[PDB]
Every structure is written in structure tokens, then in C-alpha cells.
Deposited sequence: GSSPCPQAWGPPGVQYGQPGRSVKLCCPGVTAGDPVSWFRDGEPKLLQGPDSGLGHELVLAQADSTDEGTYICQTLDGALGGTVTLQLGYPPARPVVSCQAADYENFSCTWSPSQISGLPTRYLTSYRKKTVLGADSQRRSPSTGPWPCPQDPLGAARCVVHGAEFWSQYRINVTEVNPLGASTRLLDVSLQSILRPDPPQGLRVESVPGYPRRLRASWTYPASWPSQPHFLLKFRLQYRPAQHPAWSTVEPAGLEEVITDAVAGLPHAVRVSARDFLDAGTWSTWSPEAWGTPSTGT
């Protein structure tokens, strides 16, 4: 046979306290299989190899709790078979890897008296505990039905009144989230919610 190939590793984090990384085999040729997982904090305090515990004790995923938020970590995922190793080393910084879940409970409502205004509301994602140090910024998009191009606004807070809604027309609305200090990356778009401005 042949030594294992390098496994494919991705990490992610939807909150600011713990993060987690995952890995997949790049090839199903090594029949018996096992994974060595570890990580260290690179410096410029035994910051050596610390085990990454595998949560339901069999899955292809380990979690690191109480990670240093600003430090950079070097994750060491090692595939081993009875014939060798092919350690994958993957750099991860909590401040870089973070990606929150989309906001929840997005509802869009008409604004009586204004045939071209809508009020949008939504909540934080459940994976992000509301805490005064890490808010989230939000980005709202709206688009009239049958039209191809999105319009983008950057709402303050959990609500946004749209002012250029086409009169008498259903509007689709979706939103995404990012750490309020531009840490990590923008969330995926929420499921679209539909509303129609009031008449008059």
C-alpha cells in the first residue's frame, strides 16, 4: 500500500467563546483509520500540544473550549493508518475564522399611511448569546417580486424601515450577520420573508 494522504480540514465558529474544527479523509483507501488531533498557540506557559476532544466520541469533529480570542492557533489533524501518517496542519485564528448564524425571526410588516415603507424586524441568532461586548452588525436586503437585482442597506439594531419599496408590490427580504467589529466573516443569508406595503 501507500502512506495516507493529507486530510482535508476546515474550522468554523459561530460564537466568540468556543470554536470547533472538522476534518474529512481525502481518500477511502486506508481501511482501518484513526485521527490524532491537537493544537498549539504560536508565540513570537506550556503552549504545546493540547488534546482536541471529539464530542459524541465518534464523529469527525473536535471542539476547543475557552480558546484565546485574539491568538492564532495551529491545529494538527493527523491521519494514521497501520502504514504511516500525513499530518494536516491548519492555521486558525478565532478572530479570523468566526462566522455567526443568520438572524432569526425575520418579519416584514407594512407601514400604514406610507404605501412605500416597510418595517423589518428580526432577532439575534440563537448560537450568539447577546452580551454587551460583542454585538452583531446586520445587513438587510430587499427586492420586489420578479425583479432580478437586490438592494442593500446596513441597519442599526434589530429593525429597519425600508423607504424605497415599490408601491403595491410584494417584497422579499433577507438579512445576514457579522461580528460588529468586523471580526470573522459575514453570515449566510437568512431565509427570505415576504411582506407587502399598505395601500393609500
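Several segments of the deposited sequence have no coordinates for C-alpha: 1 to 88, 133 to 141, 298, numbered from the first residue.
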